[PDB]
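Visitor: So here's run-v8.tsv (TSV, C-alpha atoms and all ligand atoms).
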```
chain	number	residue	atom	x	y	z
A	1	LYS	CA	27.91	13.36	-50.44
A	2	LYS	CA	29.55	14.63	-53.63
A	3	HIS	CA	31.61	11.68	-54.88
A	4	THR	CA	28.57	9.36	-54.92
A	5	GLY	CA	25.54	11.64	-54.56
A	6	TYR	CA	24.62	9.95	-51.27
A	7	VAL	CA	25.13	11.36	-47.76
A	8	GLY	CA	25.97	9.13	-44.81
A	9	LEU	CA	25.19	9.46	-41.12
A	10	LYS	CA	27.61	10.56	-38.40
A	11	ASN	CA	28.24	8.03	-35.63
A	12	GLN	CA	27.14	10.02	-32.59
A	13	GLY	CA	27.62	7.10	-30.21
A	14	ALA	CA	27.67	3.34	-29.79
A	15	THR	CA	24.65	2.74	-31.99
A	16	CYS	CA	26.10	-0.37	-33.65
A	17	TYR	CA	23.75	-1.61	-36.38
A	18	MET	CA	21.39	1.38	-36.19
A	19	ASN	CA	23.06	3.51	-38.87
A	20	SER	CA	23.30	0.48	-41.16
A	21	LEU	CA	19.57	-0.26	-40.89
A	22	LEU	CA	18.50	3.35	-41.49
A	23	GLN	CA	20.26	3.55	-44.86
A	24	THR	CA	18.56	0.28	-45.85
A	25	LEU	CA	15.09	1.58	-44.98
A	26	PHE	CA	15.83	4.95	-46.59
A	27	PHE	CA	16.64	3.31	-49.92
A	28	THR	CA	13.37	1.34	-49.75
A	29	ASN	CA	11.72	4.04	-51.84
A	30	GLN	CA	8.21	2.61	-51.64
A	31	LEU	CA	8.54	2.61	-47.85
A	32	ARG	CA	10.20	6.04	-47.87
A	33	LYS	CA	7.32	7.86	-49.58
A	34	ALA	CA	4.85	6.22	-47.20
A	35	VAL	CA	6.62	7.77	-44.20
A	36	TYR	CA	6.60	11.22	-45.84
A	37	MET	CA	2.78	11.14	-46.03
A	38	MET	CA	2.38	10.16	-42.37
A	39	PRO	CA	0.17	12.65	-40.48
A	40	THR	CA	2.82	13.91	-38.04
A	41	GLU	CA	1.50	17.47	-37.73
A	42	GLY	CA	0.44	17.40	-34.09
A	43	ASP	CA	2.91	14.78	-32.91
A	44	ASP	CA	5.35	15.51	-30.11
A	45	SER	CA	8.55	17.39	-30.89
A	46	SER	CA	11.18	14.85	-29.76
A	47	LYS	CA	8.87	12.11	-28.43
A	48	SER	CA	7.61	10.72	-31.77
A	49	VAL	CA	9.50	8.01	-33.65
A	50	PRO	CA	7.44	8.56	-36.86
A	51	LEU	CA	8.25	12.29	-36.90
A	52	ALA	CA	11.88	11.79	-35.87
A	53	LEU	CA	12.21	9.16	-38.62
A	54	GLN	CA	10.64	11.52	-41.16
A	55	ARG	CA	13.25	14.19	-40.39
A	56	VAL	CA	16.15	11.76	-40.87
A	57	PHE	CA	14.86	10.67	-44.28
A	58	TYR	CA	14.33	14.27	-45.40
A	59	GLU	CA	17.78	15.35	-44.21
A	60	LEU	CA	19.21	12.29	-45.99
A	61	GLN	CA	17.46	13.26	-49.23
A	62	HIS	CA	18.45	16.96	-49.08
A	63	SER	CA	21.32	17.62	-46.68
A	64	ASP	CA	24.89	17.67	-47.99
A	65	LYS	CA	26.67	16.86	-44.70
A	66	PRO	CA	26.51	13.77	-42.48
A	67	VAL	CA	23.11	13.33	-40.84
A	68	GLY	CA	22.55	12.87	-37.12
A	69	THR	CA	20.43	10.41	-35.14
A	70	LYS	CA	20.56	11.77	-31.57
A	71	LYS	CA	16.91	12.86	-31.62
A	72	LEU	CA	15.88	9.50	-33.10
A	73	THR	CA	17.45	7.35	-30.37
A	74	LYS	CA	15.72	9.33	-27.63
A	75	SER	CA	12.48	8.79	-29.57
A	76	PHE	CA	12.37	5.12	-28.52
A	77	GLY	CA	14.47	5.66	-25.38
A	78	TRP	CA	17.67	3.73	-26.10
A	79	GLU	CA	20.09	6.25	-24.59
A	80	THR	CA	21.90	3.78	-22.32
A	81	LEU	CA	25.41	2.54	-23.07
A	82	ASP	CA	24.49	-1.17	-23.28
A	83	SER	CA	21.15	-0.46	-24.99
A	84	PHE	CA	22.14	-1.91	-28.37
A	85	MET	CA	24.25	-4.77	-27.00
A	86	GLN	CA	21.05	-6.22	-25.49
A	87	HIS	CA	18.97	-6.17	-28.70
A	88	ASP	CA	19.07	-7.92	-32.06
A	89	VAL	CA	19.07	-5.88	-35.26
A	90	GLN	CA	15.68	-7.28	-36.29
A	91	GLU	CA	14.35	-6.17	-32.90
A	92	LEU	CA	15.06	-2.58	-33.98
A	93	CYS	CA	13.56	-3.05	-37.45
A	94	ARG	CA	10.43	-4.37	-35.74
A	95	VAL	CA	10.42	-1.51	-33.23
A	96	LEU	CA	10.76	1.05	-36.02
A	97	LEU	CA	8.23	-0.48	-38.42
A	98	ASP	CA	5.61	-1.06	-35.71
A	99	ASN	CA	5.66	2.62	-34.74
A	100	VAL	CA	5.14	3.94	-38.28
A	101	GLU	CA	2.61	1.22	-39.15
A	102	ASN	CA	0.40	2.20	-36.21
A	103	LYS	CA	0.69	5.90	-37.13
A	104	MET	CA	-0.37	5.08	-40.73
A	105	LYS	CA	-3.72	3.50	-39.80
A	106	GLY	CA	-6.72	4.92	-41.66
A	107	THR	CA	-4.68	6.97	-44.14
A	108	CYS	CA	-4.13	6.34	-47.85
A	109	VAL	CA	-1.03	4.24	-47.11
A	110	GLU	CA	-2.27	2.25	-44.12
A	111	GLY	CA	-0.89	-1.27	-44.17
A	112	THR	CA	2.07	-0.40	-46.39
A	113	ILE	CA	4.47	-2.18	-44.01
A	114	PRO	CA	2.78	-5.61	-44.36
A	115	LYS	CA	2.61	-5.03	-48.12
A	116	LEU	CA	6.42	-4.91	-48.28
A	117	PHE	CA	7.79	-6.94	-45.34
A	118	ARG	CA	4.91	-9.23	-44.29
A	119	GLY	CA	4.81	-12.89	-45.28
A	120	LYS	CA	2.78	-15.99	-44.45
A	121	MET	CA	4.07	-19.32	-43.12
A	122	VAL	CA	2.51	-22.48	-41.67
A	123	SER	CA	3.79	-24.45	-38.68
A	124	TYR	CA	2.48	-27.99	-38.35
A	125	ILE	CA	2.69	-31.24	-36.37
A	126	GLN	CA	2.21	-34.59	-38.12
A	127	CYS	CA	2.28	-38.04	-36.51
A	128	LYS	CA	2.74	-41.37	-38.27
A	129	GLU	CA	0.78	-43.48	-35.76
A	130	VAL	CA	-2.70	-41.91	-35.94
A	131	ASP	CA	-4.05	-39.23	-38.28
A	132	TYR	CA	-4.07	-36.01	-36.23
A	133	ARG	CA	-2.36	-32.97	-37.77
A	134	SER	CA	-2.34	-29.51	-36.20
A	135	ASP	CA	-1.51	-26.54	-38.43
A	136	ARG	CA	-0.95	-22.92	-37.39
A	137	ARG	CA	-0.82	-19.94	-39.73
A	138	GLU	CA	1.62	-17.21	-38.70
A	139	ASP	CA	3.06	-13.99	-40.09
A	140	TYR	CA	6.74	-13.10	-40.28
A	141	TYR	CA	8.63	-9.90	-41.06
A	142	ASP	CA	12.22	-11.14	-40.58
A	143	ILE	CA	13.78	-14.60	-40.92
A	144	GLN	CA	16.48	-15.85	-38.55
A	145	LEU	CA	18.70	-18.34	-40.38
A	146	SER	CA	21.30	-20.68	-38.92
A	147	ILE	CA	24.78	-20.60	-40.45
A	148	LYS	CA	26.81	-22.91	-38.19
A	149	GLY	CA	27.79	-25.83	-40.40
A	150	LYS	CA	25.82	-24.34	-43.31
A	151	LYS	CA	27.65	-23.74	-46.59
A	152	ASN	CA	25.35	-21.16	-48.21
A	153	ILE	CA	21.86	-19.66	-48.12
A	154	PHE	CA	20.51	-22.70	-49.98
A	155	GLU	CA	21.48	-25.10	-47.19
A	156	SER	CA	20.23	-22.65	-44.56
A	157	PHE	CA	16.76	-22.63	-46.12
A	158	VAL	CA	16.86	-26.42	-46.38
A	159	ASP	CA	17.51	-26.66	-42.63
A	160	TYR	CA	14.85	-24.03	-41.92
A	161	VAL	CA	12.08	-26.11	-43.54
A	162	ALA	CA	13.64	-29.44	-42.54
A	163	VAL	CA	11.32	-31.79	-40.65
A	164	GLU	CA	11.92	-32.66	-37.00
A	165	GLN	CA	11.17	-36.08	-35.52
A	166	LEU	CA	9.30	-36.11	-32.20
A	167	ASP	CA	9.83	-39.70	-31.05
A	168	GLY	CA	11.25	-41.55	-28.07
A	169	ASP	CA	11.38	-39.30	-25.02
A	170	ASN	CA	9.98	-36.44	-27.15
A	171	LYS	CA	6.70	-38.02	-28.26
A	172	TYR	CA	3.84	-35.66	-29.07
A	173	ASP	CA	0.80	-35.45	-26.80
A	174	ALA	CA	-1.81	-36.44	-29.39
A	175	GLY	CA	-4.55	-35.41	-26.96
A	176	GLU	CA	-7.05	-38.27	-26.96
A	177	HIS	CA	-4.46	-40.62	-28.51
A	178	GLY	CA	-1.92	-40.15	-25.72
A	179	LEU	CA	1.78	-39.78	-26.36
A	180	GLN	CA	2.49	-40.32	-30.06
A	181	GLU	CA	5.44	-40.33	-32.43
A	182	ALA	CA	5.21	-37.40	-34.84
A	183	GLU	CA	7.29	-34.87	-36.77
A	184	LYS	CA	7.21	-31.07	-36.67
A	185	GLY	CA	8.21	-28.49	-39.24
A	186	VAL	CA	7.30	-25.30	-41.07
A	187	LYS	CA	6.60	-24.29	-44.66
A	188	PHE	CA	6.68	-20.99	-46.55
A	189	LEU	CA	3.29	-19.92	-47.89
A	190	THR	CA	4.42	-16.57	-49.34
A	191	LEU	CA	7.52	-14.38	-49.54
A	192	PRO	CA	7.24	-10.59	-49.12
A	193	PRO	CA	8.56	-8.16	-51.74
A	194	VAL	CA	11.36	-7.03	-49.40
A	195	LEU	CA	13.10	-9.91	-47.62
A	196	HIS	CA	15.07	-9.41	-44.39
A	197	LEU	CA	17.41	-12.27	-43.46
A	198	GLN	CA	19.45	-12.19	-40.25
A	199	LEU	CA	22.38	-14.61	-39.97
A	200	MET	CA	22.67	-16.34	-36.57
A	201	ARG	CA	26.32	-15.42	-36.09
A	202	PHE	CA	26.02	-14.46	-32.40
A	203	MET	CA	25.26	-17.85	-30.84
A	204	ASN	CA	27.60	-14.78	-26.60
A	205	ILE	CA	30.50	-15.23	-29.03
A	206	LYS	CA	30.76	-14.09	-32.65
A	207	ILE	CA	31.40	-16.81	-35.24
A	208	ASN	CA	33.34	-15.90	-38.39
A	209	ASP	CA	32.89	-19.05	-40.47
A	210	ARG	CA	32.52	-18.81	-44.25
A	211	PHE	CA	28.95	-18.32	-45.49
A	212	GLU	CA	28.01	-17.77	-49.14
A	213	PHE	CA	25.01	-15.88	-50.52
A	214	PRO	CA	24.28	-15.14	-54.19
A	215	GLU	CA	23.45	-11.93	-55.99
A	216	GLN	CA	20.33	-13.63	-57.38
A	217	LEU	CA	18.49	-16.12	-55.17
A	218	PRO	CA	15.67	-18.39	-56.41
A	219	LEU	CA	13.29	-19.45	-53.62
A	220	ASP	CA	10.63	-21.32	-55.63
A	221	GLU	CA	11.91	-24.61	-54.20
A	222	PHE	CA	10.71	-23.72	-50.68
A	223	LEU	CA	7.13	-22.64	-51.48
A	224	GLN	CA	4.12	-24.88	-50.96
A	225	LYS	CA	2.45	-23.77	-54.20
A	226	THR	CA	4.49	-22.06	-56.91
A	227	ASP	CA	3.08	-19.30	-59.13
A	228	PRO	CA	4.22	-19.21	-62.78
A	229	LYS	CA	2.90	-15.63	-62.96
A	230	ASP	CA	5.50	-14.40	-60.44
A	231	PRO	CA	8.48	-16.61	-59.55
A	232	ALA	CA	10.20	-16.41	-56.17
A	233	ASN	CA	13.33	-14.82	-57.63
A	234	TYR	CA	15.00	-12.24	-55.39
A	235	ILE	CA	17.79	-9.72	-56.01
A	236	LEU	CA	20.39	-8.74	-53.42
A	237	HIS	CA	19.79	-5.15	-52.29
A	238	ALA	CA	21.77	-4.52	-49.09
A	239	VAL	CA	24.44	-6.36	-47.11
A	240	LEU	CA	25.09	-5.40	-43.49
A	241	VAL	CA	28.53	-6.42	-42.23
A	242	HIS	CA	30.57	-6.35	-39.02
A	243	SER	CA	34.15	-7.13	-38.00
A	244	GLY	CA	35.28	-7.56	-34.41
A	245	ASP	CA	36.51	-9.77	-31.57
A	246	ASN	CA	33.17	-10.78	-30.10
A	247	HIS	CA	32.52	-7.33	-28.64
A	248	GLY	CA	33.02	-4.38	-30.98
A	249	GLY	CA	33.58	-3.66	-34.65
A	250	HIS	CA	33.11	-1.18	-37.44
A	251	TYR	CA	29.55	-1.50	-38.76
A	252	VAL	CA	29.49	-1.03	-42.54
A	253	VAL	CA	26.76	-1.74	-45.09
A	254	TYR	CA	26.91	-2.26	-48.86
A	255	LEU	CA	24.06	-1.16	-51.12
A	256	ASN	CA	23.05	-0.75	-54.76
A	257	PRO	CA	20.18	1.70	-54.19
A	258	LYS	CA	18.73	1.42	-57.71
A	259	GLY	CA	19.11	-2.36	-57.95
A	260	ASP	CA	21.31	-2.05	-61.04
A	261	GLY	CA	24.43	-3.70	-59.59
A	262	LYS	CA	26.26	-0.44	-58.85
A	263	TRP	CA	27.30	-0.89	-55.22
A	264	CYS	CA	28.44	1.61	-52.59
A	265	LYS	CA	29.96	1.41	-49.11
A	266	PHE	CA	28.42	3.29	-46.17
A	267	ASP	CA	30.93	3.72	-43.34
A	268	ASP	CA	28.57	6.06	-41.51
A	269	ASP	CA	29.46	9.49	-42.90
A	270	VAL	CA	31.81	8.15	-45.61
A	271	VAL	CA	30.00	6.95	-48.74
A	272	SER	CA	32.09	5.76	-51.68
A	273	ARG	CA	31.83	3.52	-54.72
A	274	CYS	CA	32.91	-0.12	-54.57
A	275	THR	CA	32.92	-3.25	-56.69
A	276	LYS	CA	30.22	-5.91	-56.46
A	277	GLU	CA	32.88	-8.41	-55.39
A	278	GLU	CA	33.90	-6.28	-52.41
A	279	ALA	CA	30.25	-6.14	-51.31
A	280	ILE	CA	29.36	-9.82	-51.82
A	281	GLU	CA	32.15	-12.39	-51.98
A	282	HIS	CA	34.44	-10.31	-49.77
A	283	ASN	CA	31.84	-10.58	-46.97
A	284	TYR	CA	31.35	-14.36	-47.08
A	285	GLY	CA	33.85	-14.66	-44.23
A	286	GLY	CA	36.24	-17.56	-43.70
A	287	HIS	CA	39.57	-10.89	-43.54
A	288	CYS	CA	37.65	-12.03	-40.42
A	289	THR	CA	34.77	-9.70	-41.39
A	290	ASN	CA	31.41	-11.19	-42.33
A	291	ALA	CA	27.82	-10.14	-43.02
A	292	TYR	CA	25.06	-10.61	-40.46
A	293	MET	CA	21.91	-9.52	-42.34
A	294	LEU	CA	20.79	-9.48	-45.97
A	295	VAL	CA	18.04	-7.62	-47.83
A	296	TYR	CA	16.46	-9.11	-50.96
A	297	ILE	CA	13.82	-7.61	-53.26
A	298	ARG	CA	11.48	-9.57	-55.51
A	299	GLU	CA	12.60	-9.30	-59.12
A	300	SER	CA	9.02	-8.73	-60.28
A	301	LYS	CA	8.45	-5.93	-57.73
A	302	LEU	CA	11.92	-4.35	-57.95
A	303	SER	CA	10.68	-1.27	-59.82
A	304	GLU	CA	7.76	-0.79	-57.42
A	305	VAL	CA	9.93	-0.79	-54.29
A	306	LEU	CA	12.74	1.31	-55.79
A	307	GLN	CA	10.47	3.81	-57.56
A	308	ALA	CA	11.86	7.30	-58.08
A	309	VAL	CA	11.21	9.91	-55.38
A	310	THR	CA	11.67	13.67	-55.85
A	311	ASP	CA	11.34	16.70	-53.59
A	312	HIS	CA	7.67	16.85	-54.66
A	313	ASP	CA	6.95	13.61	-52.77
A	314	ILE	CA	7.14	15.41	-49.40
A	315	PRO	CA	4.13	17.38	-48.09
A	316	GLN	CA	4.69	21.12	-47.93
A	317	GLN	CA	3.56	21.27	-44.30
A	318	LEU	CA	6.25	18.82	-43.20
A	319	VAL	CA	8.98	20.58	-45.19
A	320	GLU	CA	8.29	23.84	-43.35
A	321	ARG	CA	8.25	22.16	-39.94
A	322	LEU	CA	11.54	20.42	-40.76
A	323	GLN	CA	13.05	23.55	-42.33
A	324	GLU	CA	11.70	25.69	-39.48
A	325	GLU	CA	13.43	23.39	-36.99
A	326	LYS	CA	16.71	23.50	-38.91
A	327	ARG	CA	16.34	27.26	-39.39
A	328	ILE	CA	15.50	27.79	-35.71
A	329	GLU	CA	18.82	26.14	-34.88
A	330	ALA	CA	20.64	28.92	-36.75
B	1	LIG	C1	27.87	-7.34	-32.04
B	1	LIG	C2	26.68	-8.00	-32.72
B	1	LIG	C3	25.78	-6.96	-33.39
B	1	LIG	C4	24.49	-6.87	-32.63
B	1	LIG	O1	24.41	-6.18	-31.62
B	1	LIG	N1	23.48	-7.58	-33.12
B	1	LIG	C5	22.88	-8.68	-32.37
B	1	LIG	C6	23.10	-9.94	-33.20
B	1	LIG	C7	22.49	-9.78	-34.59
B	1	LIG	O2	21.08	-9.54	-34.45
B	1	LIG	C8	22.70	-11.03	-35.45
B	1	LIG	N2	22.15	-12.22	-34.79
B	1	LIG	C9	22.98	-13.07	-34.17
B	1	LIG	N3	22.56	-14.18	-33.54
B	1	LIG	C10	21.26	-14.53	-33.49
B	1	LIG	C11	20.83	-15.68	-32.84
B	1	LIG	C12	19.48	-16.00	-32.81
B	1	LIG	CL1	18.94	-17.49	-31.97
B	1	LIG	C13	18.53	-15.18	-33.43
B	1	LIG	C14	18.91	-14.02	-34.10
B	1	LIG	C15	20.25	-13.67	-34.14
B	1	LIG	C16	20.76	-12.46	-34.82
B	1	LIG	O3	19.98	-11.67	-35.40
B	1	LIG	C17	23.11	-8.57	-35.27
B	1	LIG	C18	22.91	-7.31	-34.43
B	1	LIG	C19	27.18	-9.08	-33.62
B	1	LIG	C20	27.52	-10.29	-33.02
B	1	LIG	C21	28.00	-11.34	-33.78
B	1	LIG	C22	28.15	-11.19	-35.15
B	1	LIG	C23	27.82	-9.99	-35.76
B	1	LIG	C24	27.34	-8.93	-34.99
B	2	ZN	ZN	13.66	-6.20	-40.58
B	3	ZN	ZN	34.25	4.21	-40.28
```
Can you turn what I pasted into structure tokens?
Guide:
Amino acid sequence: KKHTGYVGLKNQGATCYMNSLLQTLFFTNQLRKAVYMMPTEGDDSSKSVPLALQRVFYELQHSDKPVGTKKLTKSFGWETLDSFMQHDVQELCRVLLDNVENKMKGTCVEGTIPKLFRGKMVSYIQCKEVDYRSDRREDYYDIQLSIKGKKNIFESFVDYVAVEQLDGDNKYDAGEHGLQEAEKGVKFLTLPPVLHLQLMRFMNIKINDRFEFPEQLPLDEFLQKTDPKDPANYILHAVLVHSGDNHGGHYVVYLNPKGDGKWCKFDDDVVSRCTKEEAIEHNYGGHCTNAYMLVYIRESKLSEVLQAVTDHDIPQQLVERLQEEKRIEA
């Protein structure tokens, strides 16, 4: 708030990963400005996620005390005790982004979400007997990686695109060719500017094995067609962590908001400086605390995502409605 210039959020309940995700989205400047320009004039008071998300971001940018999220949770109706224990973190990122993306249709910033988090991949099926291949284009906003028996992110990506053999009792129904031996896999067509990677650490029991991830991650090796104009080099932006015996822990997140390597810890309402080692290597696991989700930004688009945002980037109409609500509380 004063020691770092950043204000955290107060844990109003058992929200688990929620507070960690909000700070990550808030420091996605390119995404932040898009939400400020959302037409939320005649939206419901406390029944609109886009509006309720706008308020949080504004209070985060201006307020000097810990920010609250009570109104936000009720926005999407997760007020039950076990609400968060029955949902993955990416499920909330998808729930949040889908609501704002729909509310942004037809404006100047429509489609901003796919521009930042949307990527293209291809799932296929190839058989060695005949010559029938079936490809399927798909879109992805978050990537679920496996970490059991995986040393680092490199091996995890290798297993993600690894080919699977459909033979023996798992032969592929080649349609007119009957059961056939084939192999199935997936390939990465493109990588979005902002990369969200969830680590499969909750396979009903938390696993605390050691998993390594670098500050700079080159992903050109996993693309179908490389582009010398823009390499697939990504920079670590945020690290969400958790420590606990299978059912409860302190949810902390590490961030370098400007992408300059100056990291900070966000224990809800307590924001403080920290070393890059405490944010990266100290969260590999092996202690007993380990990260469960990573955020990477394309090196070429780092300045675009983290562009500077001032108080002039918020419409005057929204500022009054937000100030009028805060003032009305007085
Ligand atoms: C208490 C929870 C925190 C929490 O409630 N959650 C749900 C779990 C997470 O989404 C990570 N995760 C874990 N396992 C997966 C398995 C498959 Cl198959 C696909 C996706 C995932 C995945 O995303 C994080 C958010 C936790 C358990 C274990 C380790 C760390 C945290
Ligand atoms: Zn996400
Ligand atoms: Zn704390």
Visitor: Separation of CA of residue 297 in chain A and CA of residue 87 in chain A, in Å?
Guide: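 Pair CA of residue 297 in chain A / CA of residue 87 in chain A returns 25.1 Å.
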Visitor: Skipping near chain neighbours, those fewer than 6 positions away, what residues fall within 10 Å of residue 123 in chain A using only C-alpha atoms, listed as a PyMOL selection string?
Guide: chain A and resi 134-138+161+184-188
Visitor: If you measure from CA of residue 18 in chain A to CA of residue 64 in chain A, what distance in Å do you get, rounded to one decimal?
Guide: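 That distance, rounded to one decimal, is 20.4 Å.
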Visitor: So which residues touch residue 182 in chain A within 9 Å, counting all atoms listed in the file, skipping near sequence neighbours fewer than 4 positions away, as a ChimeraX atom specification?
Guide: /A:125-129,164-167,171-172,174
Visitor: Please extract the residues at most 6 Å from ligand ZN 2 (chain B), counting all atoms listed in the file, and provide them as JSON, numbers by chain, using the chain letters and residue numbers of this document.
Guide: {"A": [90, 93, 142, 196]}
Visitor: Which residue is closest to residue 113 in chain A? Choose from A:168, A:286, A:192, A:244 and count all atoms listed in the file.
Guide: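 The closest residue to residue 113 in chain A is A:192.
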Visitor: Quick one: contact table of chain A to ligand ZN 3 (chain B), 7 Å max, nearest atom pair and distance in Å to one decimal per residue, counting all atoms listed in the file, chain and number order, as JSON lines?
Guide:
```
{"residue": "A:250", "atom": "CA", "partner": "B:ZN3", "partner_atom": "ZN", "distance": 6.2}
{"residue": "A:267", "atom": "CA", "partner": "B:ZN3", "partner_atom": "ZN", "distance": 4.5}
{"residue": "A:268", "atom": "CA", "partner": "B:ZN3", "partner_atom": "ZN", "distance": 6.1}
```
Visitor: What are the closest atom pairs, with distances in Å to one decimal, for each residue of chain A lying within 6 Å of ligand LIG 1 (chain B), using only C-alpha atoms and all ligand atoms, rows by chain and rising residue number, as JSON lines?
Guide:
```
{"residue": "A:84", "atom": "CA", "partner": "B:LIG1", "partner_atom": "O1", "distance": 5.8}
{"residue": "A:85", "atom": "CA", "partner": "B:LIG1", "partner_atom": "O1", "distance": 4.8}
{"residue": "A:87", "atom": "CA", "partner": "B:LIG1", "partner_atom": "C5", "distance": 5.9}
{"residue": "A:88", "atom": "CA", "partner": "B:LIG1", "partner_atom": "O2", "distance": 3.5}
{"residue": "A:89", "atom": "CA", "partner": "B:LIG1", "partner_atom": "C18", "distance": 4.2}
{"residue": "A:144", "atom": "CA", "partner": "B:LIG1", "partner_atom": "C14", "distance": 5.4}
{"residue": "A:198", "atom": "CA", "partner": "B:LIG1", "partner_atom": "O3", "distance": 4.9}
{"residue": "A:199", "atom": "CA", "partner": "B:LIG1", "partner_atom": "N2", "distance": 5.7}
{"residue": "A:200", "atom": "CA", "partner": "B:LIG1", "partner_atom": "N3", "distance": 3.7}
{"residue": "A:201", "atom": "CA", "partner": "B:LIG1", "partner_atom": "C9", "distance": 4.5}
{"residue": "A:202", "atom": "CA", "partner": "B:LIG1", "partner_atom": "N3", "distance": 3.7}
{"residue": "A:203", "atom": "CA", "partner": "B:LIG1", "partner_atom": "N3", "distance": 5.3}
{"residue": "A:206", "atom": "CA", "partner": "B:LIG1", "partner_atom": "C21", "distance": 4.1}
{"residue": "A:242", "atom": "CA", "partner": "B:LIG1", "partner_atom": "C23", "distance": 5.6}
{"residue": "A:247", "atom": "CA", "partner": "B:LIG1", "partner_atom": "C1", "distance": 5.8}
{"residue": "A:292", "atom": "CA", "partner": "B:LIG1", "partner_atom": "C23", "distance": 5.5}
```
Visitor: So that I can check the surroundings of range 313-317 of chain A, please list as a PyMOL selection string every protein, DNA and RNA residue that reaches within 9 Å of it, counting only C-alpha atoms and ignoring chain neighbours fewer than 4 positions away.
Guide: chain A and resi 33+36-37+41+58+309+321-322
